[PDB]
$ cat my_file37.txt   # compact mmCIF, C-alpha atoms and all ligand atoms
# COMPACT_ATOMS: atom_id res chain seq x y z
CA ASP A 1 19.60 -34.73 11.62
CA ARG A 2 22.38 -32.67 13.21
CA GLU A 3 20.22 -29.88 11.56
CA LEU A 4 17.27 -30.77 13.91
CA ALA A 5 19.60 -30.76 16.99
CA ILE A 6 20.92 -27.26 15.95
CA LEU A 7 17.29 -26.00 15.58
CA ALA A 8 16.17 -27.56 18.94
CA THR A 9 19.23 -26.04 20.69
CA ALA A 10 18.57 -22.53 19.26
CA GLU A 11 14.85 -22.67 20.29
CA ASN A 12 15.92 -23.91 23.78
CA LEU A 13 18.50 -21.08 24.23
CA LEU A 14 16.11 -18.32 22.83
CA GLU A 15 13.81 -19.12 25.84
CA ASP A 16 16.73 -18.09 28.16
CA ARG A 17 18.21 -15.14 26.16
CA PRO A 18 18.23 -13.04 22.97
CA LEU A 19 19.97 -14.16 19.74
CA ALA A 20 22.71 -11.47 20.40
CA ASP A 21 23.75 -13.48 23.56
CA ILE A 22 23.82 -16.89 21.74
CA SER A 23 27.14 -17.83 20.01
CA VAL A 24 27.43 -20.35 17.11
CA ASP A 25 29.53 -22.13 19.82
CA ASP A 26 26.54 -22.48 22.22
CA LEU A 27 24.56 -23.82 19.19
CA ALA A 28 27.34 -26.25 18.14
CA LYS A 29 27.90 -27.37 21.78
CA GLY A 30 24.11 -27.95 22.19
CA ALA A 31 23.96 -30.06 18.97
CA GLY A 32 27.03 -32.25 19.86
CA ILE A 33 29.00 -30.92 16.81
CA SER A 34 32.04 -28.59 16.29
CA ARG A 35 31.80 -24.97 15.17
CA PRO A 36 33.05 -25.63 11.59
CA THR A 37 30.50 -28.54 11.43
CA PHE A 38 27.77 -25.97 12.30
CA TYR A 39 28.82 -23.85 9.26
CA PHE A 40 28.15 -26.90 7.04
CA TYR A 41 24.36 -26.68 7.96
CA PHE A 42 23.89 -22.84 8.45
CA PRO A 43 25.87 -19.73 7.42
CA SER A 44 24.96 -17.76 10.66
CA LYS A 45 22.93 -17.95 13.91
CA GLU A 46 20.60 -15.47 12.04
CA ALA A 47 20.00 -18.24 9.42
CA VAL A 48 19.01 -20.66 12.25
CA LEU A 49 16.32 -18.18 13.47
CA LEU A 50 15.02 -17.70 9.87
CA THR A 51 14.56 -21.52 9.59
CA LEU A 52 12.90 -21.76 13.06
CA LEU A 53 10.50 -18.93 12.07
CA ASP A 54 9.77 -20.52 8.61
CA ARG A 55 8.77 -23.80 10.39
CA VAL A 56 6.44 -22.01 12.88
CA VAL A 57 4.71 -19.80 10.24
CA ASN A 58 4.27 -22.86 7.96
CA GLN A 59 2.87 -24.91 10.94
CA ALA A 60 0.29 -22.11 11.49
CA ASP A 61 -0.42 -21.90 7.73
CA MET A 62 -0.93 -25.72 7.40
CA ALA A 63 -3.31 -25.73 10.45
CA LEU A 64 -5.33 -22.90 8.89
CA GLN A 65 -5.47 -24.88 5.57
CA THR A 66 -6.80 -27.94 7.56
CA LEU A 67 -9.56 -25.81 9.14
CA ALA A 68 -10.46 -24.34 5.69
CA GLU A 69 -11.09 -28.04 4.58
CA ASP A 70 -21.81 -20.83 14.34
CA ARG A 71 -20.08 -17.64 12.98
CA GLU A 72 -18.41 -16.63 16.30
CA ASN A 73 -16.99 -20.15 16.76
CA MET A 74 -15.74 -20.24 13.10
CA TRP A 75 -13.61 -17.11 13.68
CA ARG A 76 -12.59 -18.24 17.20
CA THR A 77 -11.19 -21.55 15.82
CA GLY A 78 -9.27 -19.61 13.11
CA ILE A 79 -7.75 -17.05 15.53
CA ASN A 80 -6.98 -19.98 17.91
CA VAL A 81 -4.69 -21.56 15.26
CA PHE A 82 -2.40 -18.51 15.61
CA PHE A 83 -2.84 -18.15 19.41
CA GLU A 84 -1.86 -21.83 19.98
CA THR A 85 0.82 -22.09 17.29
CA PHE A 86 2.68 -18.86 18.12
CA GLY A 87 1.86 -19.30 21.87
CA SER A 88 3.55 -22.72 21.73
CA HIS A 89 6.70 -21.03 20.23
CA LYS A 90 6.95 -17.69 22.13
CA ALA A 91 10.80 -17.50 22.13
CA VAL A 92 10.95 -18.07 18.31
CA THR A 93 7.98 -15.65 17.64
CA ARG A 94 9.55 -12.90 19.84
CA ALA A 95 13.06 -13.27 18.27
CA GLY A 96 11.58 -13.58 14.76
CA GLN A 97 9.44 -10.41 15.24
CA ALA A 98 12.56 -8.46 16.43
CA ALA A 99 14.62 -9.79 13.45
CA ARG A 100 12.10 -8.19 10.98
CA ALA A 101 13.96 -4.90 11.70
CA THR A 102 17.48 -6.24 10.81
CA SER A 103 16.84 -9.19 8.36
CA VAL A 104 15.29 -8.61 4.88
CA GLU A 105 14.70 -12.41 4.63
CA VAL A 106 12.77 -12.40 7.97
CA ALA A 107 10.80 -9.26 6.99
CA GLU A 108 9.88 -10.77 3.54
CA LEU A 109 8.87 -14.16 5.15
CA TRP A 110 6.58 -12.40 7.63
CA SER A 111 5.18 -10.10 4.87
CA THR A 112 4.48 -13.07 2.50
CA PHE A 113 2.47 -14.99 5.14
CA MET A 114 0.54 -11.89 6.37
CA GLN A 115 -0.51 -11.21 2.73
CA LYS A 116 -1.69 -14.86 2.42
CA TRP A 117 -3.59 -14.79 5.78
CA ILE A 118 -5.20 -11.37 4.93
CA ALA A 119 -6.27 -12.71 1.48
CA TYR A 120 -7.85 -15.79 3.15
CA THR A 121 -9.64 -13.59 5.72
CA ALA A 122 -10.99 -11.28 2.93
CA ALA A 123 -12.16 -14.35 0.92
CA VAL A 124 -14.16 -15.68 3.96
CA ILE A 125 -15.69 -12.18 4.63
CA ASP A 126 -16.59 -12.03 0.85
CA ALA A 127 -18.19 -15.52 1.10
CA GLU A 128 -20.11 -14.42 4.26
CA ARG A 129 -21.38 -11.31 2.37
CA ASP A 130 -22.31 -13.45 -0.73
CA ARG A 131 -24.47 -15.83 1.42
CA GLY A 132 -26.13 -12.76 3.07
CA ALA A 133 -24.68 -13.57 6.57
CA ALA A 134 -22.52 -10.33 6.64
CA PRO A 135 -23.29 -6.71 5.57
CA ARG A 136 -21.36 -5.00 2.73
CA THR A 137 -19.62 -2.33 4.86
CA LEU A 138 -15.84 -1.66 4.45
CA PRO A 139 -13.87 -3.13 1.53
CA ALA A 140 -13.25 -6.74 2.76
CA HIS A 141 -9.43 -6.66 2.07
CA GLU A 142 -9.00 -3.37 4.01
CA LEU A 143 -11.08 -4.74 6.98
CA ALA A 144 -9.05 -8.00 6.87
CA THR A 145 -5.73 -6.05 6.78
CA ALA A 146 -6.57 -4.00 9.96
CA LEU A 147 -7.93 -7.03 11.85
CA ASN A 148 -4.86 -9.19 11.01
CA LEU A 149 -2.49 -6.36 12.00
CA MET A 150 -4.50 -6.05 15.28
CA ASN A 151 -3.95 -9.82 15.90
CA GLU A 152 -0.21 -9.59 15.08
CA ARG A 153 0.38 -6.67 17.50
CA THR A 154 -2.01 -7.90 20.25
CA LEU A 155 -0.90 -11.61 20.27
CA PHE A 156 2.83 -10.64 20.31
CA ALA A 157 2.36 -7.94 23.02
CA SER A 158 0.50 -10.55 25.17
CA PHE A 159 3.12 -13.28 24.65
CA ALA A 160 5.97 -10.85 25.51
CA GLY A 161 4.06 -9.50 28.60
CA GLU A 162 4.50 -5.94 27.21
CA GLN A 163 3.05 -2.94 29.05
CA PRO A 164 0.47 -2.40 27.74
CA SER A 165 -0.95 -5.78 26.74
CA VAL A 166 -4.11 -7.84 27.01
CA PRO A 167 -3.53 -10.68 29.54
CA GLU A 168 -2.77 -13.90 27.63
CA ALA A 169 -5.79 -15.59 29.25
CA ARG A 170 -8.12 -12.82 27.83
CA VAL A 171 -6.57 -12.19 24.40
CA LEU A 172 -8.54 -14.82 22.38
CA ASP A 173 -11.95 -13.62 23.68
CA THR A 174 -10.90 -9.96 23.14
CA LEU A 175 -9.92 -10.49 19.48
CA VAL A 176 -12.96 -12.73 18.68
CA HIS A 177 -15.29 -9.97 19.96
CA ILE A 178 -13.68 -7.28 17.77
CA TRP A 179 -13.60 -9.61 14.65
CA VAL A 180 -17.25 -10.74 14.98
CA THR A 181 -18.69 -7.24 15.71
CA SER A 182 -16.64 -5.60 12.93
CA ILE A 183 -17.43 -8.33 10.31
CA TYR A 184 -21.20 -8.75 11.13
CA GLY A 185 -22.02 -5.25 12.48
CA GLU A 186 -23.95 -2.78 10.26
CA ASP B 1 17.60 28.05 20.38
CA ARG B 2 20.52 26.16 18.82
CA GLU B 3 18.51 23.25 20.44
CA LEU B 4 15.54 23.96 18.05
CA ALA B 5 17.92 24.09 15.00
CA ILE B 6 19.44 20.67 16.06
CA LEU B 7 15.89 19.19 16.39
CA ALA B 8 14.72 20.69 13.01
CA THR B 9 17.89 19.36 11.31
CA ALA B 10 17.44 15.81 12.72
CA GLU B 11 13.72 15.73 11.64
CA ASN B 12 14.76 17.02 8.16
CA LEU B 13 17.52 14.36 7.75
CA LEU B 14 15.29 11.46 9.12
CA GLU B 15 12.99 12.11 6.08
CA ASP B 16 16.00 11.27 3.81
CA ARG B 17 17.63 8.42 5.82
CA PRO B 18 17.73 6.32 9.02
CA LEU B 19 19.36 7.55 12.27
CA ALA B 20 22.26 5.03 11.65
CA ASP B 21 23.22 7.11 8.51
CA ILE B 22 23.06 10.51 10.32
CA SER B 23 26.28 11.65 12.10
CA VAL B 24 26.38 14.18 15.00
CA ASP B 25 28.40 16.09 12.32
CA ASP B 26 25.43 16.26 9.88
CA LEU B 27 23.33 17.47 12.89
CA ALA B 28 25.94 20.06 13.97
CA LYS B 29 26.48 21.22 10.34
CA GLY B 30 22.67 21.56 9.87
CA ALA B 31 22.34 23.66 13.09
CA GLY B 32 25.28 26.03 12.24
CA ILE B 33 27.29 24.83 15.32
CA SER B 34 30.45 22.69 15.88
CA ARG B 35 30.43 19.06 17.00
CA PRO B 36 31.59 19.80 20.60
CA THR B 37 28.85 22.54 20.72
CA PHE B 38 26.30 19.81 19.81
CA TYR B 39 27.43 17.76 22.87
CA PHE B 40 26.54 20.76 25.08
CA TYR B 41 22.79 20.31 24.11
CA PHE B 42 22.56 16.45 23.61
CA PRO B 43 24.72 13.47 24.67
CA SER B 44 23.98 11.44 21.42
CA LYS B 45 21.99 11.51 18.14
CA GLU B 46 19.79 8.89 19.98
CA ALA B 47 18.98 11.62 22.58
CA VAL B 48 17.88 13.97 19.75
CA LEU B 49 15.37 11.32 18.48
CA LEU B 50 14.05 10.77 22.07
CA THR B 51 13.35 14.56 22.34
CA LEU B 52 11.73 14.69 18.84
CA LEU B 53 9.49 11.71 19.80
CA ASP B 54 8.62 13.26 23.25
CA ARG B 55 7.45 16.47 21.45
CA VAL B 56 5.27 14.54 18.93
CA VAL B 57 3.64 12.22 21.55
CA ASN B 58 2.98 15.25 23.82
CA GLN B 59 1.50 17.21 20.82
CA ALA B 60 -0.90 14.26 20.23
CA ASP B 61 -1.65 14.00 23.98
CA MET B 62 -2.40 17.78 24.30
CA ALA B 63 -4.72 17.65 21.22
CA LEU B 64 -6.59 14.70 22.75
CA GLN B 65 -6.90 16.67 26.07
CA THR B 66 -8.39 19.63 24.06
CA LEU B 67 -10.99 17.34 22.44
CA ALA B 68 -11.85 15.82 25.88
CA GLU B 69 -12.72 19.48 26.98
CA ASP B 70 -22.83 11.62 17.06
CA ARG B 71 -20.93 8.54 18.46
CA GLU B 72 -19.15 7.63 15.15
CA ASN B 73 -17.95 11.24 14.72
CA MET B 74 -16.76 11.40 18.39
CA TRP B 75 -14.43 8.41 17.85
CA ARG B 76 -13.43 9.61 14.34
CA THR B 77 -12.26 12.99 15.74
CA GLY B 78 -10.26 11.18 18.47
CA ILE B 79 -8.55 8.72 16.08
CA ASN B 80 -7.93 11.69 13.71
CA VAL B 81 -5.78 13.41 16.39
CA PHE B 82 -3.30 10.51 16.08
CA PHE B 83 -3.67 10.12 12.27
CA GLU B 84 -2.91 13.85 11.71
CA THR B 85 -0.28 14.28 14.44
CA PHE B 86 1.79 11.16 13.64
CA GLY B 87 0.99 11.55 9.88
CA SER B 88 2.46 15.07 10.04
CA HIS B 89 5.70 13.59 11.58
CA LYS B 90 6.18 10.27 9.69
CA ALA B 91 10.03 10.32 9.74
CA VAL B 92 10.09 10.89 13.57
CA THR B 93 7.27 8.30 14.20
CA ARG B 94 9.04 5.65 12.02
CA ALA B 95 12.49 6.22 13.64
CA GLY B 96 10.94 6.44 17.13
CA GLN B 97 9.01 3.15 16.62
CA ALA B 98 12.26 1.40 15.48
CA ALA B 99 14.20 2.85 18.48
CA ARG B 100 11.74 1.10 20.92
CA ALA B 101 13.81 -2.07 20.23
CA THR B 102 17.22 -0.52 21.16
CA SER B 103 16.38 2.38 23.60
CA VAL B 104 14.81 1.71 27.06
CA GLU B 105 13.99 5.46 27.30
CA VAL B 106 12.11 5.34 23.93
CA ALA B 107 10.32 2.08 24.89
CA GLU B 108 9.26 3.53 28.33
CA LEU B 109 8.06 6.85 26.70
CA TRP B 110 5.92 4.95 24.19
CA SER B 111 4.63 2.58 26.93
CA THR B 112 3.72 5.49 29.28
CA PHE B 113 1.63 7.29 26.62
CA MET B 114 -0.09 4.07 25.37
CA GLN B 115 -1.15 3.32 28.99
CA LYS B 116 -2.56 6.89 29.27
CA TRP B 117 -4.40 6.71 25.89
CA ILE B 118 -5.81 3.20 26.72
CA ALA B 119 -7.00 4.47 30.15
CA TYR B 120 -8.75 7.44 28.46
CA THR B 121 -10.36 5.14 25.87
CA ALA B 122 -11.60 2.75 28.64
CA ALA B 123 -13.00 5.74 30.63
CA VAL B 124 -15.03 6.94 27.56
CA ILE B 125 -16.33 3.36 26.87
CA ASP B 126 -17.27 3.15 30.64
CA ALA B 127 -19.08 6.54 30.36
CA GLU B 128 -20.89 5.32 27.17
CA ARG B 129 -21.99 2.14 29.04
CA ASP B 130 -23.10 4.22 32.13
CA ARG B 131 -25.36 6.46 29.95
CA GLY B 132 -26.81 3.30 28.27
CA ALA B 133 -25.36 4.19 24.80
CA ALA B 134 -23.00 1.09 24.76
CA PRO B 135 -23.56 -2.57 25.82
CA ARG B 136 -21.57 -4.16 28.69
CA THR B 137 -19.64 -6.72 26.59
CA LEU B 138 -15.83 -7.15 27.05
CA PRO B 139 -14.00 -5.56 30.00
CA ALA B 140 -13.59 -1.92 28.78
CA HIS B 141 -9.78 -1.77 29.52
CA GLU B 142 -9.12 -5.02 27.59
CA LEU B 143 -11.24 -3.78 24.58
CA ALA B 144 -9.41 -0.40 24.73
CA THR B 145 -5.98 -2.15 24.86
CA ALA B 146 -6.64 -4.23 21.67
CA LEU B 147 -8.16 -1.29 19.76
CA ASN B 148 -5.25 1.05 20.64
CA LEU B 149 -2.69 -1.63 19.69
CA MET B 150 -4.63 -2.06 16.38
CA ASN B 151 -4.30 1.73 15.77
CA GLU B 152 -0.57 1.73 16.64
CA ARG B 153 0.23 -1.14 14.23
CA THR B 154 -2.19 -0.06 11.44
CA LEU B 155 -1.31 3.71 11.44
CA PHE B 156 2.47 2.97 11.45
CA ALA B 157 2.21 0.25 8.74
CA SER B 158 0.22 2.74 6.56
CA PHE B 159 2.66 5.62 7.12
CA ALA B 160 5.67 3.37 6.31
CA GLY B 161 3.89 1.91 3.18
CA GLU B 162 4.53 -1.61 4.58
CA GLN B 163 3.30 -4.69 2.73
CA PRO B 164 0.73 -5.39 4.00
CA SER B 165 -0.91 -2.10 4.97
CA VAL B 166 -4.19 -0.24 4.66
CA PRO B 167 -3.74 2.63 2.13
CA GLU B 168 -3.21 5.88 4.06
CA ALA B 169 -6.31 7.38 2.39
CA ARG B 170 -8.48 4.48 3.77
CA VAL B 171 -6.95 3.94 7.23
CA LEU B 172 -9.10 6.45 9.22
CA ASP B 173 -12.42 5.03 7.88
CA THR B 174 -11.15 1.44 8.43
CA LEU B 175 -10.26 2.04 12.10
CA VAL B 176 -13.44 4.08 12.86
CA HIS B 177 -15.58 1.19 11.55
CA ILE B 178 -13.84 -1.40 13.76
CA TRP B 179 -13.94 0.93 16.88
CA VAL B 180 -17.65 1.83 16.50
CA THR B 181 -18.86 -1.75 15.75
CA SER B 182 -16.75 -3.26 18.56
CA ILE B 183 -17.75 -0.59 21.17
CA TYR B 184 -21.53 -0.40 20.29
CA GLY B 185 -22.11 -3.95 18.93
CA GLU B 186 -23.91 -6.53 21.12
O1 LIG C 201 -4.94 -14.20 13.48
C1 LIG C 201 -4.72 -14.47 12.31
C2 LIG C 201 -3.35 -14.13 11.79
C3 LIG C 201 -2.55 -13.79 13.13
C4 LIG C 201 -1.30 -13.15 12.70
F1 LIG C 201 -0.53 -14.08 12.11
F2 LIG C 201 -0.67 -12.57 13.66
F3 LIG C 201 -1.64 -12.25 11.84
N1 LIG C 201 -5.82 -14.97 11.54
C5 LIG C 201 -5.65 -15.06 10.04
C6 LIG C 201 -6.62 -16.06 9.41
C7 LIG C 201 -7.98 -15.86 9.96
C8 LIG C 201 -8.91 -16.76 9.26
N2 LIG C 201 -9.62 -17.76 9.79
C9 LIG C 201 -10.33 -18.36 8.82
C10 LIG C 201 -11.25 -19.53 8.92
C11 LIG C 201 -11.63 -20.19 7.77
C12 LIG C 201 -12.42 -21.33 7.82
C13 LIG C 201 -12.87 -21.80 9.04
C14 LIG C 201 -12.45 -21.19 10.20
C15 LIG C 201 -11.65 -20.05 10.12
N3 LIG C 201 -9.98 -17.69 7.73
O2 LIG C 201 -9.12 -16.69 8.03
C16 LIG C 201 -7.96 -16.20 11.46
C17 LIG C 201 -7.13 -15.13 12.14
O1 LIG C 202 -5.59 6.04 18.17
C1 LIG C 202 -5.41 6.33 19.35
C2 LIG C 202 -4.03 6.07 19.89
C3 LIG C 202 -3.20 5.78 18.56
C4 LIG C 202 -1.91 5.22 19.01
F1 LIG C 202 -1.21 6.19 19.61
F2 LIG C 202 -1.23 4.68 18.05
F3 LIG C 202 -2.21 4.30 19.86
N1 LIG C 202 -6.55 6.76 20.10
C5 LIG C 202 -6.41 6.86 21.60
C6 LIG C 202 -7.45 7.80 22.21
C7 LIG C 202 -8.78 7.51 21.65
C8 LIG C 202 -9.78 8.35 22.33
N2 LIG C 202 -10.54 9.31 21.79
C9 LIG C 202 -11.30 9.86 22.76
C10 LIG C 202 -12.29 10.98 22.64
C11 LIG C 202 -12.73 11.61 23.79
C12 LIG C 202 -13.59 12.69 23.72
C13 LIG C 202 -14.04 13.14 22.49
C14 LIG C 202 -13.57 12.55 21.34
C15 LIG C 202 -12.70 11.47 21.43
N3 LIG C 202 -10.92 9.21 23.85
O2 LIG C 202 -10.00 8.27 23.56
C16 LIG C 202 -8.77 7.85 20.15
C17 LIG C 202 -7.87 6.84 19.48
$ encode --input "my_file37.txt" --output "structure tokens" --more "lines below"
Ligand SMILES: O=C(CCC(F)(F)F)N1CCC(c2nc(-c3ccccc3)no2)CC1
Ligand SMILES: O=C(CCC(F)(F)F)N1CCC(c2nc(-c3ccccc3)no2)CC1
Amino acid sequence: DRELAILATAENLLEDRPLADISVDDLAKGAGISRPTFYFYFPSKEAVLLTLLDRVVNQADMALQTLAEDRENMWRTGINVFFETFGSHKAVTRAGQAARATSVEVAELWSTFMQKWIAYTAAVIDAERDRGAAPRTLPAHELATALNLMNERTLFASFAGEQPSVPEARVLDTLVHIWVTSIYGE
Amino acid sequence: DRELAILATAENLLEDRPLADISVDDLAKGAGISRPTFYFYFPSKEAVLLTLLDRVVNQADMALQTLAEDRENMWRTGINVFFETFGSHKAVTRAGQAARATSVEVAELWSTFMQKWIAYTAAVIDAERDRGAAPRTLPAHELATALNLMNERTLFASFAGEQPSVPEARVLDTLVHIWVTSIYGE
């Protein structure tokens, strides 16, 4: 509604600058509403970012669910959900990652979804071991945890152009290599 | 001197609480000096953390240099330098990681050492490929980047007891598995 215009404005401004340099006034002005009208839809600019991040993590989650309904290509398509979804929302991903430090709600959102994505990873590794396609090496949930944390750090360093980082055009191939060798390697 | 007592005090208090809840007064009081005497040695409590982190990253770096003067055990000993060094300084590591967001000096320190550690990793992978012990798969510097970023995120999640995290007692074996399979796996 006006809610969607507030969310579009905040995502648009986050591309230009950090949430510290965005006023509820910029957000109201972008959405064609007054400041007190903003406060009807959101308590803070921090609450706007939480909603933007909730939409992006659920978009990734729903795409992974769709997939779940050649072993290298299987993992590549799964990693690609996160590459494309977060890569299509870099400003929100970057701001949301930074807000984990200062928002308990943002930290718990991120934590909830990582636990879900790790549990799905471990379940697929377990299924691969059960069909005899993968060796019983590390505990599957521990392997999944380290690989998902690798993806989190690597994808977000690439998207931010951090030094150091894998170039964005090389990051999917890099991560697929490490997943497939670590999951199938004896 | 008095400098060492300020640094010992700050590391001691960081174990109890975050740098936000430590006053220059706590630091002065711990070191048996006055507040203005503190300002003779350090401009801010933020400068104390920068020095503490510089000492820890250089301790790791010097231990790695010592090492550099069975392939699974080679990588295990190298990863162990970082596990033991950072694991022996969890309060400083945790505070230092958080300060990357709000200190350019802390972010550039961390960046400098990651670039060095990635370049050393890539050089060892290159040497392993040159002696025919490792296959020419991914670009060595891209593989090294992702593996080092994996270690950074995984070690620091374990030490902080984040949810999710690999249990501290399982994190070295977890990371050695993923390094050896990804470096030696075809
Ligand atoms: O990368 C992230 C999370 C990234 C983040 F958010 F930063 F951590 N992944 C988490 C989920 C992984 C997965 N794929 C499949 C699958 C199942 C069926 C068919 C195809 C694939 N199951 O689990 C892909 C990689
Ligand atoms: O884990 C980190 C960095 C961790 C951080 F800081 F979080 F990123 N490592 C970076 C350095 C790696 C390495 N080991 C050896 C070696 C050489 C000779 C003999 C034995 C080992 N060469 O490179 C070990 C893992």
$ residues_near_point --input "my_file37.txt" --point "(19.1, -32.2, 14.3)" --cutoff "12 Å" --atoms "only C-alpha atoms" --output "JSON, numbers by chain"
{"A": [1, 2, 3, 4, 5, 6, 7, 8, 9, 10, 27, 28, 30, 31, 32, 33, 38, 41, 48]}
$ closest_atom_pairs --input "my_file37.txt" --of "chain B" --to "chain A" --cutoff "6 Å" --atoms "only C-alpha atoms" --output "CSV"
residue,atom,partner,partner_atom,distance
B:142,CA,A:166,CA,5.8
B:150,CA,A:150,CA,4.1
B:166,CA,A:142,CA,5.8
B:178,CA,A:182,CA,5.1
B:181,CA,A:182,CA,5.3
B:182,CA,A:178,CA,5.1
B:185,CA,A:181,CA,5.7
$ residues_around --input "my_file37.txt" --residues "residue 94 of chain B" --least-positions-apart "3" --cutoff "10 Å" --atoms "only C-alpha atoms" --output "compact mmCIF listing (two decimals) with C-alpha atoms, keeping the file's coordinate frame"
# COMPACT_ATOMS: atom_id res chain seq x y z
CA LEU B 14 15.29 11.46 9.12
CA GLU B 15 12.99 12.11 6.08
CA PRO B 18 17.73 6.32 9.02
CA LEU B 53 9.49 11.71 19.80
CA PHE B 86 1.79 11.16 13.64
CA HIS B 89 5.70 13.59 11.58
CA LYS B 90 6.18 10.27 9.69
CA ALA B 91 10.03 10.32 9.74
CA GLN B 97 9.01 3.15 16.62
CA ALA B 98 12.26 1.40 15.48
CA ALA B 99 14.20 2.85 18.48
CA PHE B 156 2.47 2.97 11.45
CA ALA B 157 2.21 0.25 8.74
CA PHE B 159 2.66 5.62 7.12
CA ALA B 160 5.67 3.37 6.31
$ residues_near_ligand --input "my_file37.txt" --ligand "ligand LIG 201 (chain C)" --cutoff "6 Å" --atoms "all atoms listed in the file" --output "list in words"
residues 67, 68, 74, 75, 77, 78, 79, 82, 114, 117, 120, 121, 124, 148, 149, 151 and 152 of chain A
$ atom_distance --input "my_file37.txt" --atom1 "atom CA of residue 85 of chain B" --atom2 "atom CA of residue 119 of chain B"
19.7 Å
$ closest_residue --input "my_file37.txt" --among "B:44, B:158, B:23, B:51" --to "ligand LIG 202 (chain C)" --atoms "all atoms listed in the file"
B:158
$ atom_distance --input "my_file37.txt" --atom1 "atom CA of residue 47 of chain A" --atom2 "atom CA of residue 61 of chain A"
20.8 Å
$ atom_distance --input "my_file37.txt" --atom1 "atom CA of residue 64 of chain A" --atom2 "atom CA of residue 80 of chain A"
9.6 Å
$ closest_residue --input "my_file37.txt" --among "A:102, A:55, A:43, A:176" --to "residue 72 of chain A" --atoms "all atoms listed in the file"
A:176
$ axis_aligned_box --input "my_file37.txt" --around "segment 40-49 of chain A" --padding-each-side "6 Å" --output "lines of an AutoDock Vina configuration file"
center_x = 22.2
center_y = -21.2
center_z = 10.5
size_x = 23.8
size_y = 23.4
size_z = 18.9
$ closest_residue --input "my_file37.txt" --among "B:12, B:37, B:73, B:21" --to "ligand LIG 202 (chain C)" --atoms "only C-alpha atoms and all ligand atoms"
B:73
